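# need a structure here:
(7 chains, ligands or ions: 1)
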Amino acid sequence: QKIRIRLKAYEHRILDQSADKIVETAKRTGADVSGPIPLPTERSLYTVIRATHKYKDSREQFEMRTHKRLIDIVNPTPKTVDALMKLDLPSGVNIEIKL
Amino acid sequence: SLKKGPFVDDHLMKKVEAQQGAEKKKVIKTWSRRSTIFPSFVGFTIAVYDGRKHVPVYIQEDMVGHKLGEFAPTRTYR
Amino acid sequence: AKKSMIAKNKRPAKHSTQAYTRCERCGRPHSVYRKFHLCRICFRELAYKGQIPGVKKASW
Amino acid sequence: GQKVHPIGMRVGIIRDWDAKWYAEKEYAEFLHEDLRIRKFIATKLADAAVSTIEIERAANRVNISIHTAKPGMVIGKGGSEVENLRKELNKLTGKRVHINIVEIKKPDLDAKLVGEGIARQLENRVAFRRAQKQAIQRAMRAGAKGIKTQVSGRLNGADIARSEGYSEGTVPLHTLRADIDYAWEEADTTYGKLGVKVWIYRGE
Amino acid sequence: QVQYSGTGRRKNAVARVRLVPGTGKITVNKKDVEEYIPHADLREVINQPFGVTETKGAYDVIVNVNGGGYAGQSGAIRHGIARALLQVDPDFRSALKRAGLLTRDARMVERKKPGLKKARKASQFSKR
Amino acid sequence: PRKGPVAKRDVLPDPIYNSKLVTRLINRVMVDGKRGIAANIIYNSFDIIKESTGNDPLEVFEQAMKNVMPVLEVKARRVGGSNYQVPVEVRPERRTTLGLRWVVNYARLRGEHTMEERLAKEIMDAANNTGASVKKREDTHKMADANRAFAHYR
RNA sequence: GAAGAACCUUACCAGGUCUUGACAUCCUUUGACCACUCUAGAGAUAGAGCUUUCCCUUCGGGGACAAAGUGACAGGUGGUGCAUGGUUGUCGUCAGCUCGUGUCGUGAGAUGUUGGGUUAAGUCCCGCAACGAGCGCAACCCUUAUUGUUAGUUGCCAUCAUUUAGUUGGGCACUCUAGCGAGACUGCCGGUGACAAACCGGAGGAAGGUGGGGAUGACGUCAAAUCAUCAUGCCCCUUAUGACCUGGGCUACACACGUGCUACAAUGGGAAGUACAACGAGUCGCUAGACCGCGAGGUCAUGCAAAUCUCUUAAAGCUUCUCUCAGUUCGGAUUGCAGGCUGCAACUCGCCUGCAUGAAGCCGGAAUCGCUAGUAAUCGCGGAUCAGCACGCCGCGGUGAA
Ligand SMILES: [Zn+2]
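Residues are numbered from 1 along each chain as shown, chains lettered A, B, ... in the order given. Below you will find the coordinate block:
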């Protein structure tokens, strides 16, 4: 209800533990929480010719991934609201409180 | 391909209208590479720069359509 | 001549169709990833040094 | 050429990046501020002999950390040097910087430090052979599993370039669970520029 | 009521078969089996499970599908049938295996590789 | 190839006449990953065949085949390092292979502007021993045993 | 190299221009530069106009800042891969290359690393004056194929109802998403084998024998390549090979070669109906919808910073009709005219549309290349660089042989 939070990082351990922390901060005070919903994990791609003057054969391709989570909550009491306002850690994964 | 009117640079128009009263001075040096031809140009004599030298050429009637750059070719083959 | 050229871009251009891309630390004119502002080789190397968040090697 | 930068492979898999943040749509300022700060502490390395640099990302501030074999020399006499750091940095950043320090232990078994030292000795016109040998002396005896050392260029300030080095212990390379480090430095007295590259191995 | 299910996968296409007692029939995406299918008489292919067990009728088939071409997903319904018939009697699976048509064909399009025009094509190459 | 022989990828029977040969012939008309068209010209040719002199699209087919499938073949071998071509005892399968090959290819040049009249007429003429495919098999057997003298004890 | 040459970018040529100079540091006076407009100009600039204005004050001062000067000087895509660092190409994904201690030989050297068995392999077993080891092989890694569990939206619709519809009620069953687990190890059967290693067949199983694919490149050879990504010894330019601007090059054409695309048609040309993927991109950008013009497009308006909205109903495919073997209704190079888009500006030197004209070309010598399976062949989709411009390159998927 009227609140949810997205996640976007790279290593899954930090995302999953952030998920556990927020689920604690939600189901602690009140209830009606939603689990750590998986998401399609966008991916990028590049291609660098692995040389410096010639030989456009030797390619060297790299990548990027972005795991995601998503959690909504229902009946947020003033307690867990302000606990959300104060919870900031960890600091490797970007979250965003959203209605 | 410029159906919002043709185009000729102002540092040529003012320098071509300035003769509309009297006779025309035989010389109008320019860059001569961005301008189409307007009806107000017939009878003049404009020299045309080709990146190396300016090329003096008069103005006839049917020679009014295209741009200025089609008379001093910068190729010089032979 | 790379110094006069590098100094050229830091100014506002003469017209809009003139502001191109060129690496920051090095100065390659060609093939600069306009997501990172690195040239082709500089990103290649810096990926090895573990200093671009994200980028790894891609096996699949 | 054929070989692969070995901390370019264990990266992400078993060892992680050393710039821990996340930046969508703001991904050139952050990069070219990280680069700026990473460059500008090369003054310390002249004597501080640092090893690593982290770039954490606050909400609106800069938290980093470093490690060096001499904690007193970096922070200064009464911690005032770290203050000069803070004030030069935020001025360089336009963002409040919050530095931190941890002391490095067993600074023999590093890699960048060892390369720093052997390039130092090579600057003073000393015999490369005994330099490599005593380097691996003090390294292996500090407790390790293998070291290789390479040197190349106009060796002994002499004619056509060469390359040769010596190794003790044993270092598997194609295996992945390796945690092997790597460092590459440069020096010269008057003949262009020399080349030294060092590899260690301290557990899978 | 009584309903029987079973899935099938081929060339990255997947069909969700549904079985029920009827006269021998299949309604692919609320359409007659001869609509989704082109001209294709690869229908013996599709009834081929029946030609070995419950020979050769008669149940009905609800079926969803998505992905791949026609031939791919067409072959991909063949296996929901196998799994459904398998649900009925675990006394049939031997005669299915001996006649096969039970394991998922893992052949699929190849990961290409940089430097080659195709998955394996090598460019023509001047000798001298 | 170098180690040892290898498997052979048998085909399925046909969905009309249920013939391994029919499928094995449909495959040898397809060009560039486009199949249905081949099946269509096959079926239309079959109907045309059965129309005039209706016996079967299958029986006259096998007639034309046994008219074609050879029994020997010159196999160039340099046992003496030279241009020795020795008549070989052709295998069973390759016989059918060559049957279909000569049939389809040499029929492709029959020359009816119509799409599949070319095939139908060809196999109907072959079943009655008129046409170069029959002449092709007879030419193979006339070049075999044309030199079996010096090329048999090998 | 070049993963975007109209100007640039851009080194090169013709012109018009500057000197501690476009860029960095010091020092002397200082002290805060801007920006703005009008003129003459092809601009570079020149010339005038309100002006660049103290951001700390203890009464003493400091930074950004000009401008001038001053000399310290900067500057160079100038030179040498044959003085160099670093980074690649190949032999080669070929199976090899070595060492310590013992022992042999007057010595260069040899033994190990050889013979028999075995193998993808210096992989293993057996015997042997050799005993042991290291970089290599393999394994540890990523992905594909089966699935248990944990979780159910922006995903799914089986059990219910209703609406244009999974939409909206209702549900999380399935599908899918994605974490943790499970699973292939010659593990059991028979046989062959000196009982060893291994090999042939079998069950079970989703896959059986390195399941399929990738990343991963030993000692070294080739004075291979690169001072033009960067760096650097030495040699060199210095009122000029350093620097600013406009215009042209790099797109020149009697000719020889390498790589590609479209074709020489009846499995085809045209016209009309009819369905099915996958990978990814999106805020000054993807356009919904509707209106207009036959078209490239324009107009007003709509969501979308995301499993929601858009690019985007994929094309070959499947069903009918017409065309009859001809340079043809095939082929559409080339060219006239009229338009569209971005762009300060498309002659030199963009992409695209309509009309009109309609070239060579009817399967190609000697010779020569690629390819062992979801491969070859064939058909579409996307995106990197990027106002704009792809038959190239990097990925995806459909059909599917000998
Ligand atoms: Zn760069």
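
# test my guess that residue B:16 contacts residue B:41.
Yes: Residue B:16 is within contact range of residue B:41, at 6.2 Å (criterion: Cβ atoms under 8 Å). C-beta coordinates here come from the backbone N, C-alpha and C atoms, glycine included.

# excluding its backbone neighbours, what's nearest residue B:7?
residue B:36 (6.8 Å; Cβ to Cβ, 6 or more residues apart in numbering or on different chains).

# strands of chain E, start to end?
Here chain E has its strands, by DSSP state E, at E:4-10, E:13-21, E:25-28, E:31-32, E:59-66.

# can you count the residues close to the residue of chain C found nearest chain A?
Nearest to chain A in chain C, going by Cβ to the nearest Cβ, is residue C:58, at a distance of 3.5 Å. Using other Cβ atoms under 10 Å in any protein chain shown, the number of residues around residue C:58 comes to 16.

# how near is it to residue A:40?
Counting by Cβ to Cβ, to the nearest Å, the gap from residue C:58 to residue A:40 is 18 Å.

# follow-up on the earlier one: wait, the residue of chain C closest to chain A touches residue A:65, no?
No: taking contacts as Cβ under 8 Å, residue C:58 lies outside contact range of residue A:65: 9.4 Å.

# which ones are touching residue C:34?
By Cβ atoms under 8 Å, 6 or more residues apart in numbering or on different chains, the contact list for residue C:34 reads residue C:21.

# residue most distant from the centroid, chain E?
For chain E, the largest distance from the centre (Cα atoms, centre = their mean) belongs to residue E:128, which lies 50.4 Å off.

# just the helices in chain C please.
Secondary structure of chain C by DSSP state H: the helices cover C:2-9, C:40-48.

# got phi/psi on residue D:195?
Residue D:195 adopts backbone torsions of phi -140, psi 130, taken as degrees, to the nearest 10.

# show me the beta-bridge partners of it.
On the basis of DSSP bridges, residue D:195 is bridged to residue D:152.

# equivalent analysis for the one 5 residues further on, please.
Taking DSSP bridges, one finds residue D:147 as the beta-bridge partners of residue D:200.

# if you count neighbours, what's buried in stretch B:8-15?
Judged by neighbour count using 16 or more other Cβ atoms under 10 Å in any protein chain shown, the buried positions of stretch B:8-15 are B:8, B:12.

# about what we covered before: mind checking how far the residue farthest from the centre of chain E is from RNA strand G?
Applying Cβ to the nearest atom of the strand, to the nearest Å, the value for residue E:128 to RNA strand G is 9 Å.

# for residue A:20, see how far away that residue is.
On the measure of Cβ to Cβ, residue E:128 and residue A:20 end up 67 Å apart.

# and if you look at residue C:54?
Relative to residue A:20, and taking Cβ to Cβ, residue C:54 is found at 24 Å.

# who's more crowded, the two?
Between residue C:54 and residue A:20, counting by other Cβ under 10 Å, residue C:54 is the more crowded of the two (19 against 10).

# OK, contacts around that one?
Contacts for residue C:54 (Cβ under 8 Å, 6+ apart) come out as A:10, A:64.

# same thing but 6 Å
residue A:64 (Cβ atoms under 6 Å, 6 or more residues apart in numbering or on different chains).

# before we move on, what about residue A:27?
The neighbourhood of residue A:27, defined by Cβ under 6 Å, 6+ apart, consists of residue A:33.

# how about the residue in chain B that RNA strand G sits nearest to, secondary structure?
For chain B and RNA strand G, the shortest gap (Cβ to the nearest atom of the strand) falls at residue B:69, measuring 2.0 Å. Three-state call for residue B:69 (DSSP: H, G, I helix; E, B strand; the rest coil): helix.
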